[PDB]
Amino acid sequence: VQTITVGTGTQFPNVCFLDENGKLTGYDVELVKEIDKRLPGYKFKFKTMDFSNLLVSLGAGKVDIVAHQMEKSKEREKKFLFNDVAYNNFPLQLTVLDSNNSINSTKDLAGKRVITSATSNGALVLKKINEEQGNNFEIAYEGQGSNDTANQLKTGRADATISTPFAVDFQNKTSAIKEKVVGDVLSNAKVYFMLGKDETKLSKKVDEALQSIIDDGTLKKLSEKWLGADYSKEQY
């Protein structure tokens, strides 16, 4: 039996987070556990870290796989292996306070400040748009607590962020700060596991397991539980 170390986070509610009993859980975590169950030649264990360190760790060989709703991009494919079978969609839109109707196009960001998560695909998508627009807006990276994305939108310190409907909808359920998506879909990447380029055997095994999880209806059930019925599909 080969031990596989999976890098993930703890700061994505319903995706990778610690519950009331200090147990790591959420969609990505539970999917990996389901995959492990179906691969008797492997044992999967987790290594939790800041999201921003996950691909630094993967690149240094300190984890074998990353599971954190990772969007496929050509930049990431130049460095890492993606498995073939997707396990979510992560369509990105500008996201604003529910009261704010001043922004639809990215052109409406001129002179404004956008807050995002360092190292995320959405940050890259925004960077490229900024450059296309002649550097006409500011991109900043969230911090913790009162400096997180939601709080900087609440106070007006940030005018917008970039996010996906399933995530926005879940956050809104319990928050005083209501966010909404606006405008066009800026990126429509699917979500996969990320591995080292040498890890072709493991990637194939993961795809076999994930396909069986799709085929028996388990992914439908897992996605309904964690993502909500509106975001739950038989396959992605």
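Start at 1 with the first residue shown and count on from there.
Quiz item: Looking at the deposited entry, does 141-149 or 155-163 carry the larger mean Cα B-factor?
Solution: Taking the mean B-factor of the alpha carbons in each, 141-149 is higher.
Exercise. Would you mind comparing 55-63 and 185-193 for me and telling me which has the higher average C-alpha temperature factor in the entry?
Key: Looking at the record's C-alpha B-factors, the answer is 55-63.
Quiz item: Highest Cα B-factor in the deposition, which of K78, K128, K72, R113?
Solution: Of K78, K128, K72, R113, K78 has the highest C-alpha B-factor.
Quiz item: Which listed residue, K178, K47, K33, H68, has the largest C-alpha temperature factor in the record?
Solution: Among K178, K47, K33, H68, the highest C-alpha B-factor in the entry belongs to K178.
Practice problem: Compare the C-alpha B factor of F170 with those of the other modelled residues in its chain, then answer lowest, middle or highest third. | Solution: Middle third by C-alpha B-factor.
Quiz prompt | Ranked against its chain, the third holding the CA B-factor of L97 | solution = Its C-alpha B-factor, which the entry lists for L97, ranks in the middle third among residues of this chain.
Quiz item: Among the chain's modelled residues, which third holds the C-alpha B-factor of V6?
Solution: Bottom third by C-alpha B-factor.
Exercise. Taking the values exactly as deposited, rank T25 by C-alpha B-factor within its chain and report the matching third: lowest, middle or highest.
Key: As the PDB entry reports it, the C-alpha B-factor of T25 lands in the middle third of its chain.
Exercise. Sorting the chain's modelled residues by C-alpha B-factor, tell me whether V206 ends up in the lowest, middle or highest third.
Key: According to the entry, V206 has a C-alpha B-factor in the chain's lowest third.
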